[PDB]
Amino acid sequence: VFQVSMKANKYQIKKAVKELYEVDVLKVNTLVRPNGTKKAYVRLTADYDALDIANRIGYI
Amino acid sequence: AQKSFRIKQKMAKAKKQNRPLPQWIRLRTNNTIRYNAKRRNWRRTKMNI
Amino acid sequence: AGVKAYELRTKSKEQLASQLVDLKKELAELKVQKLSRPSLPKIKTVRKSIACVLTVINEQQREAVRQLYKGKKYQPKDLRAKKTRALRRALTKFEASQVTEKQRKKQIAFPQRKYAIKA
Amino acid sequence: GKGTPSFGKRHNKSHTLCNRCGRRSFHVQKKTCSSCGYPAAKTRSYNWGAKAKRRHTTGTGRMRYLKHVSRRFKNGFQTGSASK
Amino acid sequence: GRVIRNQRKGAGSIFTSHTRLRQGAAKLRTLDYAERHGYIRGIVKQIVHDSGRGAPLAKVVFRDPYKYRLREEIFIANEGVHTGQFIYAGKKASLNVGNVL
RNA sequence: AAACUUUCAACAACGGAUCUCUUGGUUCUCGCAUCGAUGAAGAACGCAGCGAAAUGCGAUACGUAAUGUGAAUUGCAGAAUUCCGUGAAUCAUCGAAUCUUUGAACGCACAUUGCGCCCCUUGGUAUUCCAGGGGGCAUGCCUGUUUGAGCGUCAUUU
RNA sequence: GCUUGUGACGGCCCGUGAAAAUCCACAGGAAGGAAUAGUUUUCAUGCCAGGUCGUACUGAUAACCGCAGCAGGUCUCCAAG
RNA sequence: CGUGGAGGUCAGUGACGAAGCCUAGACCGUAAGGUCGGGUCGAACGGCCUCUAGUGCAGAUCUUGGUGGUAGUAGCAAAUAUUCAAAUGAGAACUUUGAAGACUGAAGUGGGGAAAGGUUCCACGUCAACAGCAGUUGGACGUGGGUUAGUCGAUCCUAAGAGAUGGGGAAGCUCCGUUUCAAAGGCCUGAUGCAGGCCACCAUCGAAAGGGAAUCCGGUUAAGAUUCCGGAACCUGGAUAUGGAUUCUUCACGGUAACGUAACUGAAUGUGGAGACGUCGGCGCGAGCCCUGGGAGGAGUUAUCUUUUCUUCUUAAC
RNA sequence: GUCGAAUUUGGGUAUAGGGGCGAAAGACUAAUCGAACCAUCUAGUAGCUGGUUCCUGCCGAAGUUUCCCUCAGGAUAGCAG
RNA sequence: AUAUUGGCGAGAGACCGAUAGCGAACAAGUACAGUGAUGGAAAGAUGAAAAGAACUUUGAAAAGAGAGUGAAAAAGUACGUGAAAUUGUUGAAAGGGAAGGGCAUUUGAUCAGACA
RNA sequence: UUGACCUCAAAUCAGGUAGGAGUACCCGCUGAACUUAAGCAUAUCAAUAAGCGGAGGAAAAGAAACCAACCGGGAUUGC
Ligand SMILES: CN[C@@H]1[C@@H](O)[C@@H](O[C@@H]2[C@@H](O)[C@H](O[C@H]3O[C@H]([C@@H](C)O)[C@@H](O)[C@H](O)[C@H]3N)[C@@H](N)C[C@H]2N)OC[C@]1(C)O
Ligand SMILES: CN[C@@H]1[C@@H](O)[C@@H](O[C@@H]2[C@@H](O)[C@H](O[C@H]3O[C@H]([C@@H](C)O)[C@@H](O)[C@H](O)[C@H]3N)[C@@H](N)C[C@H]2N)OC[C@]1(C)O
Ligand SMILES: [Mg+2]
Ligand SMILES: [Mg+2]
Ligand SMILES: [Mg+2]
Ligand SMILES: [Mg+2]
Ligand SMILES: [Mg+2]
Ligand SMILES: [Mg+2]
Ligand SMILES: [Mg+2]
Ligand SMILES: [Mg+2]
Ligand SMILES: [Mg+2]
Ligand SMILES: [Mg+2]
Ligand SMILES: [Mg+2]
Ligand SMILES: [Mg+2]
Ligand SMILES: [Mg+2]
Ligand SMILES: [Mg+2]
Ligand SMILES: [Mg+2]
Ligand SMILES: [Mg+2]
Ligand SMILES: [Mg+2]
Ligand SMILES: [Mg+2]
Ligand SMILES: [Mg+2]
Ligand SMILES: [Mg+2]
Ligand SMILES: [Mg+2]
Ligand SMILES: [Mg+2]
Ligand SMILES: [Mg+2]
Ligand SMILES: [Mg+2]
Ligand SMILES: [Mg+2]
Ligand SMILES: [Mg+2]
Ligand SMILES: [Mg+2]
Ligand SMILES: [Mg+2]
Ligand SMILES: [Mg+2]
Ligand SMILES: [Mg+2]
Ligand SMILES: [Mg+2]
Ligand SMILES: [Mg+2]
Ligand SMILES: [Mg+2]
Ligand SMILES: [Mg+2]
Ligand SMILES: [Mg+2]
Ligand SMILES: [Mg+2]
Ligand SMILES: [Mg+2]
Ligand SMILES: [Mg+2]
Ligand SMILES: [Mg+2]
Ligand SMILES: [Mg+2]
Ligand SMILES: [Mg+2]
Ligand SMILES: [Mg+2]
Ligand SMILES: [Mg+2]
Ligand SMILES: [Mg+2]
Ligand SMILES: [Mg+2]
Ligand SMILES: [Mg+2]
Ligand SMILES: [Mg+2]
Ligand SMILES: [Mg+2]
Ligand SMILES: [Mg+2]
Ligand SMILES: [Mg+2]
Ligand SMILES: [Mg+2]
Ligand SMILES: [Mg+2]
Ligand SMILES: [Mg+2]
Ligand SMILES: [Mg+2]
Ligand SMILES: [Mg+2]
Ligand SMILES: [Mg+2]
Ligand SMILES: [Mg+2]
Ligand SMILES: [Mg+2]
Ligand SMILES: [Mg+2]
Ligand SMILES: [Mg+2]
Ligand SMILES: [Mg+2]
Ligand SMILES: [Mg+2]
Ligand SMILES: [Mg+2]
Ligand SMILES: [Mg+2]
Ligand SMILES: [Mg+2]
Ligand SMILES: [Mg+2]
Ligand SMILES: [Mg+2]
Ligand SMILES: [Mg+2]
Ligand SMILES: [Mg+2]
Ligand SMILES: [Mg+2]
Ligand SMILES: [Mg+2]
Ligand SMILES: [Mg+2]
Ligand SMILES: [Mg+2]
Ligand SMILES: [Mg+2]
Ligand SMILES: [Mg+2]
Ligand SMILES: [Mg+2]
Ligand SMILES: [Mg+2]
Ligand SMILES: [Mg+2]
Ligand SMILES: [Mg+2]
Ligand SMILES: [Mg+2]
Ligand SMILES: [Mg+2]
Ligand SMILES: [Mg+2]
Ligand SMILES: [Mg+2]
Ligand SMILES: [Mg+2]
Ligand SMILES: [Mg+2]
Ligand SMILES: [Mg+2]
Ligand SMILES: [Mg+2]
Ligand SMILES: [Mg+2]
Ligand SMILES: [Mg+2]
Ligand SMILES: [Mg+2]
Ligand SMILES: [Mg+2]
Ligand SMILES: [Mg+2]
Ligand SMILES: [Mg+2]
Ligand SMILES: [Mg+2]
Ligand SMILES: [Mg+2]
Ligand SMILES: [Mg+2]
Ligand SMILES: [Mg+2]
Ligand SMILES: [Mg+2]
Ligand SMILES: [Mg+2]
Ligand SMILES: [Mg+2]
Ligand SMILES: [Mg+2]
Ligand SMILES: [Mg+2]
Ligand SMILES: [Mg+2]
Ligand SMILES: [Mg+2]
Ligand SMILES: [Mg+2]
Ligand SMILES: [Mg+2]
Ligand SMILES: [Mg+2]
Ligand SMILES: [Mg+2]
Ligand SMILES: [Mg+2]
Ligand SMILES: [Mg+2]
Ligand SMILES: [Mg+2]
Ligand SMILES: [Mg+2]
Ligand SMILES: [Mg+2]
Ligand SMILES: [Mg+2]
Ligand SMILES: [Mg+2]
Ligand SMILES: [Mg+2]
Ligand SMILES: [Mg+2]
Ligand SMILES: [Mg+2]
Ligand SMILES: [Zn+2]
């Protein structure tokens with residue numbers, strides 16, 4: 086789950102998830118947050134574990 | 010219900026500003042602020058869209 | 039600390055591109071920490087760094103195109119001087135001073151003569 | 002009730018948000034706004050309206066370009082840069 | 004004084020005609036080579052009721068003379084014209100109820 | 001006789017008078033000539049380690065470059081911050097940039113973050129369908145260029 | 001039985017009760033087609049892609065407008081014994 | 001006589017206390033006023049001779065502000081209605097839970113939306129102000145958390161209507177005209193301008209109730225779900241291949257027919273059909289609901305009676 | 001009172017001030033209607049009403065004449081300083 | 001040479017002194033009203049310096065009482081001075097359907113002067 | 001058949017330019033009424049307010065189809 090520029094679509098987003106995080110994106114559903122941000126739910130292919138991809142980017 | 014973005018955006022700048030003073034502002038030097046003057050509330054001042 | 043300006047002018051362009059990607063990777067990491075931490079002021083110096091790279095990059099490509107058009111009519115507008123729109127019209131010194139043939143002759147014939155008096 | 006029970010029917014905005022000046026003066030059914038006259042080319046103003054005028058003329062905004070034009074004039078409109 | 008009813012009619016705000024359910028302007032065929040020299044048949048396909056006219060309409064189809072297609076004309080149905088009557092139009096046409104000459 | 005009510009006083013209330021202040025207002029004079037399609041005035045929406053505003057700035061976002069000064073900034077926190085130094089700083093200065101969405105606002109619209117078209121490039125097996133990325137199409141008019149139209153009209157082919 | 005859908009009809013009119021974008025068919029006969037193999041994306045199966053804005057809750061004797069947590073005003077669906 | 005300010009003077013008063021305020025204390029004048037002591041106080045100010053004016057208030061239903069009496073008064077009485085115990089808390093007629101009496105009675109005090117609001121939603125923290133008693137409760141305060149879609153809408157289409165454009169009026173802001181006395185533009189093929197055939201509708205905006213391409217059930221959250229998770233679908237646009245069918249009578253057979261089907265070339269150019277439609281009446285029929293028998297489980301009553309009272313028994317798009 | 005129609009009603013869309021709209025009441029046109037609302041001309045004019053801020057000292061009136069679209073006002077002489 | 005209630009940059013005044021002076025000396029064209037054009041406020045001053053009252057104590061808290069800072073808490077972010085209306089308590093006085101005034105004395109209280 | 005001329009067009013042709021702002025002062029258009037006249041219509045307010053167009057550092061005006069009738073004067077502006 087990532088906060089994401091409003092100016093990006095489901096495409097440029099899934100492109101930036103693959104690149105920067107090396108992972109495979111099953112599907113993206115974006116909504117916009119009451120404070121004027123775009124939240125993204127990016128689901129990873131079952132081939133990956135998100136819990137593990139998470140604390141590799143360093144948050145937990 | 011289903012709202013224009015232009016509206017749902019100004020709604021956001023609205024919510025974002027509805028907050029008490031940051032209390033650290035009070036400590037600043039030659040600081041004349043005390044409370045948040047411009048504070049709004051839904052039931053009191055309607056925004057006019 | 040970080041990213042002096044004079045220090046990126048001597049570098050070449052391809053690595054400024056790859057030095058930026060480092061600031062960007064960096065910045066993107068700092069942002070993952072600043073949500074673990076009460077305070078993260080270092081994050082300023084890096085984002086203000088990213089600005090100083092991009093200053094020099096664009097500063098470069100700009101003085102690049104400024105020479106490869108230099109000394110001719112019709113170089114793109116944003117490299118032209120801003121002045122004012124009323125100065126940007128503004129008859130040029132050449133077509134200002136231009137005099138008519140008949141007048142050029144008269145100037146020469148009788149221009150203004152320095153004299154004086156003595157009481 | 003020319004009063005209250007028949008104010009209970011006011012749900013429909015006479016204007017919406019003007020694009021040019023932001024004033025919620027933009028008349029829906031008339032597709033123009035009552036403050037600046039958008040979409041008219043010129044921006045609406047009158048001399049009886051000096052308080053409106055004083056409200057909107059140059060200097061109530063950011064003056065983004067214009068601010069520095071007095072500085073720029075001071076210098077002879079310089080190009081290039083200072084050396085050391 | 005105010006402006007009377009009969010003046011207020013004339014810039015036509017709420018007074019202009021109630022045009023919605025209307026079958027379209029009734030007219031003859033244009034005056035062309037076919038009607039002012041020879042004659043030209045058509046079939047009344049449909050006669051049908053116009054809203055705000057008391058007079059039934061006849062939908063009469065012709066053959067375009069100068070390209071391959073049908074052209075429909077809206078005819079004011081004289082008493083007795085019927086569905087699928089042939090209709091003949093032009094200087095040299097005959098004299099029968101519903102033909103035009 | 002208390003209570004109560006009135007009147008004066010002292011202390012205490014209530015309120016913001018007085019007095020003294022004054023980065024403000026006012027008027028008088030002196031000097032100066034600078035907005036905009038090279039996107040102006042204005043607008044919306046954003047930007048900070050921690051801001052709601054004012055002020056400031058624009059996805060390089062209380063700011064980038066450059067020049068000067070020469071050690072601060074400060075509400076706390078913070079600096080491989082780096083002090084006989086291309087060097088602190090919200091300093092001055094400004095000659096180089098950025099400059100979101102707009103706006104005379106210009107591809108078409110606009111109670112929509114709504115719908116096209118053309119060129120370069122990338123990726124999906126691709127001139128063609130999808131996507132990412134950069135770059136472009138308003139109107140009136142002048143000069144000029146190229147392509148055209150009319151038994152308006154002049155020559156010249158056999 | 002109740003509600004609601006729908007059919008086949010009947011009454012009614014000097015009232016006879018929208019338009020467009022779409023989707024399909026038909027007439028049609030341009031053109032393109034086999035024999036050492038040719039035609040067939042309206043039969044089956046199989047691959048890639050579907051952006052963007054909105055989506056909480058109230059909807060009223062306290063979330064709307066009536067100066068307010070005003071006995072007022074404010075469109076609609078569901079409906080047991 | 002008094003006030004704001006100015007020229008001159010008294011080398012005037014003052015942090016050892018200026019100015020102001022308070023004072024049924026003292027003095028001068030007829031008086032306007034002036035002087036003093038005591039209190040409070042903090043930073044400036046006064047006499048005299050002149051100068052100047054935004055110069056003296058009890059009122060103008062005067063302006064702004066401030067305060068009384070009325071007065072702990074009028075009042076806090078529509079919408080049938082409250083009670084018992086415990087928990088919590090400094091504090092309980094009012095908050096929570098448990099028990100009881102009741103109400104709205106499905107034309108709702110229930111279950112959802114449209115306009116509008118715009119964070120009210122939900123959690124925790126919380127009681128100064130607000131909730132015309134109360135408040136430990138709240139729609140309040142404070143900090144957070146929250147709204148996931150090829151299929152639900154918007155986007156598209158047109159309606160009344162609005163409105164650019166060659167134009168025509170108007171000194172002009174602008175009026176008029178949408179087919180408009182116009183050189184208006186495209187689209188499919190190939191043999192990238194070229195050969196061609198065309199077709200030539202001349203903008204656009206205008207519906208979250210009209211038209212319209214396509215999703216269902218189960219489960220899940222503190223708060224979102226036809227969106228998320230599980231399975232099961234359908235559509236639209238792109239890509240192409242394998243099987244099937246079709247052909248030596250090249251573009252399928254069968255059936256008298258109406259019609260059949262797993263398929264079964266199609267350029268324009270034309271034409272036709274769904275888009276596409278009032279309202280009421282009765283009759284038919286489907287779906288949900290209602291009622292109800294047998295039985296398989298759970299619940300209630302049982303001094304007496306009741307093979308009894310209540311309830312589970314379901315089936316989505318495709 | 002009316003309650004299956006000249007019915008009720010949502011939303012969209014048209015008409016704007018001497019104008020609109022009116023099944024007609026001068027009704028309705030945002031609590032505004034025998035001419036909305038906003039600002040400016042504008043400190044509009046007033047023979048009319050209301051007020052007009054310290055003290056003392058001396059003097060001290062008029063309600064009559066003549067003219068006036070004059071009769072609640074002016075000019076005019078008279079009184080007064 | 002002339003014009004200049006705008007813009008930029010300057011010197012001034014027998015001007016105004018927070019109900020004045022521009023409406024705004026303050027986050028002022030703010031807040032807020034309104035469908036809209038428009039309309040449109042209130043609001044400056046602790047102290048040299050926060051030294052913004054440690055600590056004890058009663059209170060559930062707010063606070064109160066001590067203490068402490070300070071030249072001053074007769075400056076405690078309700079903050080300079082702190083007037084009047086109006087109000088609490090103390091003191092005194094008077095009061096048979098208002099209160100208030102003038103002349104005059106008694107009484108109570110309270111005071112100046114003078115003399116020596 | 002080909003080459004001009006004329007007029008009229010079309011390009012995302014090559015380069016340009018205009019649009020809005022402000023408006024105190026300035027050049028024009030347009031255009032009141034309150035008001036004064038003790039009434040009021042000419043007149044006045046006023047060639048003013050409101051409305052519209054267009055400039056600059058100033059604008060405009062200007063080297064006479066002027067003024068004068070004198071012994072003549074001599075672009076314009078302003079006092
Ligand atoms: C020289 N004078 C005439 C001039 O009078 C004028 O005539 C018009 C003519 O053009 C119009 O005619 C045109 O325009 C009309 C328009 C009204 O829609 C069309 O309907 C009509 O079909 C068309 N031909 C005609 N209907 C009106 C005449 N006065 O214009 C045409 C002209 C020849 O120039
Ligand atoms: C101080 N305040 C006054 C005080 O002056 C005094 O008043 C008297 C008053 O009582 C006398 O007495 C008078 O007034 C009273 C009064 C109740 O009306 C009457 O009852 C009585 O008949 C009459 N003689 C009167 N003549 C003079 C005042 N000074 O009495 C008390 C008070 C009335 O409150
Ligand atoms: Mg979404
Ligand atoms: Mg989205
Ligand atoms: Mg200060
Ligand atoms: Mg201080
Ligand atoms: Mg309100
Ligand atoms: Mg409102
Ligand atoms: Mg609104
Ligand atoms: Mg350029
Ligand atoms: Mg200029
Ligand atoms: Mg209504
Ligand atoms: Mg309307
Ligand atoms: Mg507003
Ligand atoms: Mg005004
Ligand atoms: Mg220079
Ligand atoms: Mg019509
Ligand atoms: Mg007594
Ligand atoms: Mg006191
Ligand atoms: Mg000051
Ligand atoms: Mg810009
Ligand atoms: Mg700041
Ligand atoms: Mg430096
Ligand atoms: Mg600076
Ligand atoms: Mg400098
Ligand atoms: Mg940038
Ligand atoms: Mg446009
Ligand atoms: Mg959007
Ligand atoms: Mg939009
Ligand atoms: Mg490709
Ligand atoms: Mg594409
Ligand atoms: Mg152009
Ligand atoms: Mg151009
Ligand atoms: Mg029928
Ligand atoms: Mg098709
Ligand atoms: Mg087809
Ligand atoms: Mg052929
Ligand atoms: Mg939702
Ligand atoms: Mg919901
Ligand atoms: Mg809801
Ligand atoms: Mg409801
Ligand atoms: Mg409900
Ligand atoms: Mg309300
Ligand atoms: Mg004065
Ligand atoms: Mg006294
Ligand atoms: Mg003293
Ligand atoms: Mg004193
Ligand atoms: Mg002092
Ligand atoms: Mg005065
Ligand atoms: Mg006074
Ligand atoms: Mg008074
Ligand atoms: Mg008086
Ligand atoms: Mg009162
Ligand atoms: Mg009271
Ligand atoms: Mg009480
Ligand atoms: Mg009581
Ligand atoms: Mg009582
Ligand atoms: Mg009562
Ligand atoms: Mg207990
Ligand atoms: Mg109890
Ligand atoms: Mg109760
Ligand atoms: Mg009941
Ligand atoms: Mg619900
Ligand atoms: Mg709901
Ligand atoms: Mg709570
Ligand atoms: Mg209460
Ligand atoms: Mg309370
Ligand atoms: Mg709640
Ligand atoms: Mg809350
Ligand atoms: Mg979608
Ligand atoms: Mg549309
Ligand atoms: Mg038009
Ligand atoms: Mg046109
Ligand atoms: Mg035109
Ligand atoms: Mg719809
Ligand atoms: Mg669905
Ligand atoms: Mg969730
Ligand atoms: Mg829910
Ligand atoms: Mg077969
Ligand atoms: Mg219909
Ligand atoms: Mg028994
Ligand atoms: Mg289905
Ligand atoms: Mg009936
Ligand atoms: Mg209706
Ligand atoms: Mg309705
Ligand atoms: Mg509407
Ligand atoms: Mg009239
Ligand atoms: Mg008219
Ligand atoms: Mg009314
Ligand atoms: Mg009179
Ligand atoms: Mg009288
Ligand atoms: Mg100045
Ligand atoms: Mg003031
Ligand atoms: Mg004021
Ligand atoms: Mg109102
Ligand atoms: Mg001060
Ligand atoms: Mg101070
Ligand atoms: Mg204490
Ligand atoms: Mg003191
Ligand atoms: Mg002390
Ligand atoms: Mg005091
Ligand atoms: Mg003090
Ligand atoms: Mg007080
Ligand atoms: Mg005090
Ligand atoms: Mg008092
Ligand atoms: Mg008595
Ligand atoms: Mg008496
Ligand atoms: Mg009494
Ligand atoms: Mg007496
Ligand atoms: Mg060009
Ligand atoms: Mg202009
Ligand atoms: Mg005129
Ligand atoms: Mg006047
Ligand atoms: Mg008069
Ligand atoms: Mg008069
Ligand atoms: Mg004017
Ligand atoms: Mg000059
Ligand atoms: Mg000139
Ligand atoms: Mg000459
Ligand atoms: Mg002369
Ligand atoms: Zn506007």
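Residue numbers (my numbering), protein chains in the order written: chain P, 86 to 145; chain F, 10 to 58; chain D, 39 to 157; chain V, 2 to 85; chain B, 4 to 104. The C-beta atom is built at its ideal place from N, Cα and C for all residues, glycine as well.
Contact set between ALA21 (chain F) and chain P, taken where Cβ atoms lie within less than 7 Å: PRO119, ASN120, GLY121
Identified DSSP bridge partners for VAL94 (chain D): DSSP, once it has assigned bridges, lists no residue as partnering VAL94 (chain D).
Against chain P: residues of the stretch 13 to 43 of chain F by CB proximity under 8 Å: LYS17, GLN18, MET20, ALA21, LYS22, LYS24, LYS25
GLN88 (chain B), buried or exposed, once every other Cβ within 10 Å from all chains shown has been counted against 16: buried
Exposed unless 16 or more other CB atoms sit within 10 angstroms - verdict on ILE17 (chain B): exposed
Continuous alpha helix (DSSP H) stretch holding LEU46 (chain D): start and end: 44 to 47
Limits of the unbroken alpha helix (DSSP H) element including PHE87 (chain P): Segment 87 to 89 is the beta strand (DSSP E) holding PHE87 (chain P); no alpha helix (DSSP H) there.
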